[PDB]
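A lone chain, given as structure tokens: the form deposited in one PDB entry.
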């Protein structure tokens, strides 16, 4: 807890980060790892075969040129590409995700200086003065960024090339009719209610079974394809027991290779069968459709207007890019959605109970290891549950029924924020204590509310210091190493490869992961804002995370990560709101801090702060937020007119008709 031990652990984590960077240098120099280190370039067609031509040198022959730039030159190079160039290279989503790291530096750097000029030197009424200044600064910066991101979104939307989503809406809950099919209902509705500019529509079908069958066929054909092409004839017929699959040489199912070619053909037979009962059956057709319009202005009108007296019927909303559409959830009834959200909300309480305890355990482990000196082990274990949590939260969001990957990632990020709020405040040590405080919370003395809770609710600064150093420093350095995609591609290009040329491409490294990366930024915003008026110690470590993560993620956005969708920064209102929450939480905790070190003499100002913050939030939600949720009709009309002038003869019908069919 003393600065000596803090510096010792900091040194360990700094060394671990540098170690990761050193291995990164080596592995990025290897020509055979280039595929999974410069993925975006191959995806953009700007790089050829792995080693910019492929099959060259630069591997262990020269190791890593003994110097300092061998493992540090990627840093200034990441911070070299212009931001506008990154908008066209990676996308606006990734560029504004990077802006959150810069926002953190733009907020916590000035306030660190302020806190290191007031707290540590002249250590209360200064607490309230600082809190005020901190909130004002955070809010000013939040407003400035809301503005810039809003303008960037609108500029991006205007310049964007014709995408099918700009003309389409997703009508949901189309009321069932005994005489008309969903298709006929939709056509007739939008031909009488939106006559001037209705073009075509695409009814949503439940091709979920078919999709799964087709995916199973691909898996089955490539399961033991490695084994099938190991030496042909009769190879190792592994037996993945039918209960978890995987395994291998453990059950009793040998049959043929290629995961029992008979079963692969049976999947294909089922595919054909299902195809018939999914295309020509009319029961597959869900009460939903993708209505396309002749103009973007018409689609805007439809999306932001109520269609019928029942506001829970004919629910029209902007359609997502056909690649963002999460098709499995489009086959879920609207009535079910409500209950599914509730079920997952209460399952999330259980989930918070679940991970808090192992997180605390791993934090204790890290502490012990540091005191004794593995730190790398601590990292990988905490990293381990922090790669399960995003996945669980994502499956919970898929259950809830969001029909777009963007919204699923955004929901999972919101859930993760609650987990991080709970794990650092109410339920941080209460629900973190093995036995003891957990059951004491639910079973103690009568009442005893602000006694068991009020007393030191937000944990301790020292423990959080170690968290930043482990997860925010060494963690982001591990991200640059990109170990997992490397291993995956290694055990695919030499295993189940069987490509004619370049079809087996497991170099795709996914995206930034808004559902994981953003919650991290927000937990550090939380820690930073809450502790700022109390202890100025957390701010330095938080600032290093922001800077390090900015550069590591910039590198990854430019070199590796490829966007799976383009929301044009539609997630910014969520980011903004989460920083506003941190602000409010900080002020509430300062009301408690200066409610005990005090005489209600500071209370009038301590209660004005939250109101000011909420008022600012509402101003920002009325000025900048509408740009992210609704497409202005003037903007839509401008784009329409310009496009109809550049191309005076376009067949929008052809482009929009089959743009929203289930991929299968």
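Numbering follows the first chain given and starts at 1. Think of the rigid core as the biggest set of C-alphas that the two forms share within 1.5 Å after superposition.
A.B. asks: Tell me whether residue 492 is absent from the model in at least one third of the other entries compared, counting only those where the residues either side are present.
C.D. replies: In all of the other entries, residue 492 has coordinates.
A.B. asks: Can you check if residue 470 is missing its coordinates in at least one third of the other PDB entries compared, counting only those that model the residues either side of it?
C.D. replies: Across the compared entries, residue 470 is modelled every time.
A.B. asks: Gap size between residue 501 and residue 502, counting deposited residues with no coordinates: none, 1 to 3, 4 to 9, or 10 or more?
C.D. replies: Missing in between: none.
A.B. asks: Taking residue 123 and residue 124 as adjacent modelled residues, how many residues of the deposited sequence between them have no coordinates (none, 1 to 3, 4 to 9, 10 or more)?
C.D. replies: The entry has a long gap there, with 10 or more residues left out between residue 123 and residue 124.
The same protein also exists as the form deposited in another entry; that form is not shown, yet it is the one meant from here on.
A.B. asks: Where does the C-alpha shift reach 2 Å or more between this form and the one not shown among 98, 580, 278, 382, given a fit on the rigid core?
C.D. replies: The answer here is 382.
A.B. asks: With the core lined up, does the C-alpha of residue 148 move 2 Å or more between this form and the one not shown?
C.D. replies: No; that C-alpha moves by less than 2 Å between this form and the one not shown.
A.B. asks: Against the rigid core, is the Cα displacement of residue 364 between this form and the one not shown at least 2 Å?
C.D. replies: Yes: residue 364 shifts by at least 2 Å between this form and the one not shown.
A.B. asks: So, does residue 306 move by 2 Å or more at the CA between this form and the one not shown, with the core held fixed?
C.D. replies: Shift at residue 306: below 2 Å after core fit.
A.B. asks: Assuming the CA distance changes by 3 angstroms or more, are residue 379 and residue 467 closer together or farther apart in the other form compared with the shown structure?
C.D. replies: Between the C-alphas of residue 467 and residue 379, the gap narrows in the other form (3 Å or more compared with this form).
A.B. asks: Between residue 244 and residue 264, do the C-alpha atoms lie closer or farther in the other form than in the shown form, with a difference of 3 angstroms or more?
C.D. replies: Compared with the form shown here, the C-alpha atoms of residue 244 and residue 264 sit closer together in the other form, by 3 Å or more.
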